[PDB]
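For the single chain, residues carry numbers from 1 onward in sequence order.
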Amino acid sequence: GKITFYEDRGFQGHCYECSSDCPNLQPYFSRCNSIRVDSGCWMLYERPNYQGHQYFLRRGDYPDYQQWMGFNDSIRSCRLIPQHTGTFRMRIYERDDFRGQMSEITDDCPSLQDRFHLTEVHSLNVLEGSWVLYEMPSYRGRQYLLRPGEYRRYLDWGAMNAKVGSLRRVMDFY
């Protein structure tokens, strides 16, 4: 994968290219107002060390930060999410610590309220593939990257609440 961050809108200004995870981009550019993704699926973060608002991006041109739903022009770390081929599988639970009713999800889910009659998920286990969890249905609101592993409580995925409105598998167009 390859992503280039530009300091000004419209691909202008100083830029920097990243081809792998970068935990602290502060030494390479001071603000980010446009990005070109040449390849790969990436999760961008507002602060270093993969914290703050997160944003998912795939190949394409993004001439302004609103194109990636950015909160502001701060991009201080990024992860290249490994491509997973085959089945994506996660289990969601009604309560924390993997309690209550569990449901297994192996496809994209644009509305957990519509499919499961749930507006909150209190724990989840991602068994295969990486996914992006969205606060609101139809892939809206705050985004959270979920990589394989156990998430015993909402805090584990970085959220300040347990609302989960949709889930998308991280898959490249090809």
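Taking the ring centre of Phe56 as origin, the terminal cationic atom of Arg168 falls outside the region bounded by 6.0 Å and 45° from the ring axis.
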**OP:** Could you check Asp108 against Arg169 for salt bridge (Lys or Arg N to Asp or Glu O under 4.0 Å), going step by step and ending with a plain yes or no?
**Re:** CA-CA 6 Å; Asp108 304 319; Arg169 289 171 288 169; 2.8 Å; yes

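Partners of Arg89 under the side chain to side chain contact (heavy atoms under 4.5 Å, CB included) rule, at least two apart in sequence or in another chain, are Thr87, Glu104, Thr106, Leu127, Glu128.
Within the structure, salt bridge (charged side-chain N to carboxylate O under 4.0 Å, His left out) pairs that include any residue of residues 28-40 comprise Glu7-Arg31, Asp8-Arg31, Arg36-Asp61 (at least two apart or interchain). Sorted by first then second residue, the salt bridge (charged side-chain N to carboxylate O under 4.0 Å, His left out) pairs that include residues 113-123, not counting sequence neighbours, are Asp107-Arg115.
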Pairs of donor and acceptor atoms involving the side chains of residues 90-97, under 3.5 Å and at least two apart or interchain, shall be tabulated with distances.
from  : atom 1 : to     : atom 2 : distance (Å)
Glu94 : OE1    : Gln101 : N      : 2.9
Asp96 : OD1    : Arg99  : NH2    : 2.7
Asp97 : OD1    : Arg152 : NH1    : 2.8

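Under a hydrophobic-cluster definition in which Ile, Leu, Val, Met, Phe, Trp and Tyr are linked whenever side-chain heavy atoms come within less than 4.5 Å, directly or via other members, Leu155 and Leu145 are assigned to different clusters. Residue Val170 is not grouped with residue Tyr144 when hydrophobic side chains (ILVMFWY) are merged at heavy-atom distances under 4.5 angstrom, including chains of intermediate members.
Under the 4.5 angstrom side-chain criterion for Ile, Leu, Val, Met, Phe, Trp and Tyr, the cluster partners of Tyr16 are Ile3, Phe5, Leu25, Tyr28, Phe29, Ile35, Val37, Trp42, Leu44, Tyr55, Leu57, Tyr62, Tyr65, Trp68, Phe71, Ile75, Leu80. In the hydrophobic clustering, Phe11 connects to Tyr6, either directly or through intervening members, whenever side-chain heavy atoms lie under 4.5 Å apart.
Judged purely by distance below 3.5 Å, without hydrogens or angles, the side chains of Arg76 and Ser74 pair a donor atom with an acceptor atom.
Surrounding CD of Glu150 are more than 12 heavy atoms belonging to other residues, nucleotides or ligands, all under 6.0 Å away.
When side chains are defined from C-beta on, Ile81 does not count as touching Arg147, because their heavy atoms never get closer than 4.5 Å.
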